[PDB]
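Engineer: This structure is in structure tokens; I'll ask about it shortly.
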Amino acid sequence: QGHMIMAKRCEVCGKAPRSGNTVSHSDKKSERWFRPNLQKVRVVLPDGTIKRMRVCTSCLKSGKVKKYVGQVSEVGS
């Protein structure tokens with residue numbers, strides 16, 4: 001393999017979701033289930049719109065993205 005380049009990655013920074021080892025709690029949510037290491041977080045667009053985008057945990061942790069707050073985890077760190 002290696003020629004099949006159709007993969008799901010961060011639509012914000014382009015990097016792939018290479019870290020999804022974190023068990024969350026109190027979610028029990030399902031937006032067509034969860035993606036492999038990818039959390040679609042509902043963010044706000046500067047054009048005045050709300051969009052679900054696939055964001056990598058790296059970007060989620062760095063929090064340097066245009067966000068509408070889509071993280072309700074009860075643990076700080």
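By convention in this document, the chains of the structure tokens carry letters A, B, ... by their order, each chain's residues are numbered from 1, and ligands are numbered from 1 in the order they are shown.
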So which residues touch range 71-77 of chain A within 10 Å, counting only C-alpha atoms, skipping near sequence neighbours fewer than 5 positions away, as a ChimeraX atom specification?
Structural biologist: /A:24-27,41-42,60
Engineer: Point out the residue among A:20, A:28, A:55, A:61 with the least atom-to-atom distance to residue 40 in chain A, counting only C-alpha atoms.
Structural biologist: A:55
Engineer: Please identify all polymer residues within 12 Å of range 2-11 of chain A, counting only C-alpha atoms, omitting same-chain residues fewer than 5 positions from it, and present them as a ChimeraX atom specification.
Structural biologist: /A:16-19,35-41,51-60,65
Engineer: Just list as an MDAnalysis selection string whatever in chain A DSSP marks as helix (DSSP H, G or I).
Structural biologist: chainID A and resid 57:62
Engineer: To one decimal in Å, tell me the separation between CA of residue 62 in chain A and CA of residue 12 in chain A.
Structural biologist: 12.2 Å
Engineer: Among chain A, which ones does DSSP place in strand (DSSP E), written as a ChimeraX atom specification?
Structural biologist: /A:38-45,49-56
Engineer: Quote the spacing between CA of residue 21 in chain A and CA of residue 66 in chain A in Å to one decimal place.
Structural biologist: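 Answer for the CA of residue 21 in chain A to CA of residue 66 in chain A separation: 23.8 Å.
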Engineer: Quick one: pull the distance between CA of residue 48 in chain A and CA of residue 67 in chain A, Å, one decimal.
Structural biologist: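 Rounded to one decimal, the two atoms are 12.6 Å apart.
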